[PDB]
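Count along the sequence shown starting at 1, add 6, and that's the number in PDB author numbering. First comes the structure, then the notes that go with it.
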Amino acid sequence: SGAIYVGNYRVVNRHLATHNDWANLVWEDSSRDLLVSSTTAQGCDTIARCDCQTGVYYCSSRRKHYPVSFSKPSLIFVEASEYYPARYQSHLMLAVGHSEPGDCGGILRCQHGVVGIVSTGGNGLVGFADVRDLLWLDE
Ligand SMILES: NC(=O)[C@H]1CCCN(C(=O)Cc2ccccc2CO)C1
Ligand SMILES: [Zn+2]
C-alpha cells in the first residue's frame with residue numbers, strides 16, 4: 007500500500023484505488039496502473055522532473071529503503087493477475103530488488119523528488135510506475 011500526495015492530488019496504484027478515489031477521480035490509466043484523485047488538504051510530496059536512473063525505494067515487506075538502478079520508462083509485458091489480464095504495462099521501470107504482493111505503492115525517490123511508485127515485481131525484481139511525465143500534478 008501507499009500513495010503520493012502533491013498539491014490537491016493523491017496518486018495511487020489503480021488496482022488499489024478505493025471507492026473514495028473513484029468518487030473524486032481526476033485521471034486514471036489501466037495501461038500504467040495509475041489513478042489520481044482530488045484531495046481537500048494540501049499534500050506533503052515534490053515530484054522529480056529529471057532523467058535519473060538511480061534512486062531509493064521503500065519496501066514495506068522489509069520495513070526498509072533500498073538503493074536501485076532502474077531502466078527508463080517503457081512498455082513491459084506483465085503476467086495476468088486477479089486485477090488485470092495479461093498485457094503490456096506502459097511507463098514502467100524495472101530494477102533488481104526485493105518486492106512481494108503488498109509492496110505496491112512504496113515510493114521511489116531520487117535527489118530531485120518523487121520518481122514513481124512500486125507497481126510490479128517478482129523473482130528479485132521490482133517495477134515502478136513512473137510519474138515524472140505528469141506535469142499537471144504541479145499545477
Ligand atoms: N501492475 C500490475 O499489473 C500488478 C498488479 C498486482 C499484481 N502484480 C504483481 O506484480 C504482484 C507481485 C508479484 C510478486 C512480487 C511482487 C509483486 C508486486 O507487489 C502486477
Ligand atoms: Zn532525479
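Each residue gets a CB set at the ideal place from its N, CA and C atoms; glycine is no exception.
Would you mind giving the Cβ-Cβ distance between residue i and residue j, rounded to the nearest angstrom? I have them listed as a contact below 8 angstroms.
i            : j             : result
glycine 111  : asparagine 14 : That pair is no contact at about 19 angstroms.
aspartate 51 : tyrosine 90   : Actually they do not touch by this definition, with Cβ atoms about 26 angstroms apart.
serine 44    : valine 32     : 5 angstroms
So, using beta-carbon positions, are residue i and residue j closer together than 8 angstroms?
i              : j            : result
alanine 23     : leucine 41   : yes
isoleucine 113 : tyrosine 72  : no
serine 77      : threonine 60 : no
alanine 54     : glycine 133  : no
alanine 135    : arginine 16  : no
Which partner residues of residue i appear in the DSSP bridge assignment?
i           : result
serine 105  : Partner(s): none; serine 105 has no beta bridge.
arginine 38 : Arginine 38 pairs with nothing; no bridge assigned.
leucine 143 : None; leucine 143 has no bridge partner.
Measure the alpha-carbon distance for residue i versus residue j and round it to whole angstroms.
i             : j             : result
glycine 108   : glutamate 145 : 31 angstroms
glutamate 34  : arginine 68   : 29 angstroms
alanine 101   : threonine 126 : 10 angstroms
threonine 46  : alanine 92    : 36 angstroms
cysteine 58   : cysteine 116  : 7 angstroms
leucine 131   : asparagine 26 : 31 angstroms
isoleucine 82 : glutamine 48  : 34 angstroms
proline 79    : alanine 86    : 20 angstroms
Exercise answer, beta-carbon shell around ligand 2 heavy atoms below 6 angstroms: For ligand 2, the residues with a Cβ under 6 angstroms from any of its heavy atoms are, in chain order, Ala54, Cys56, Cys58, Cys116, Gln117, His118.
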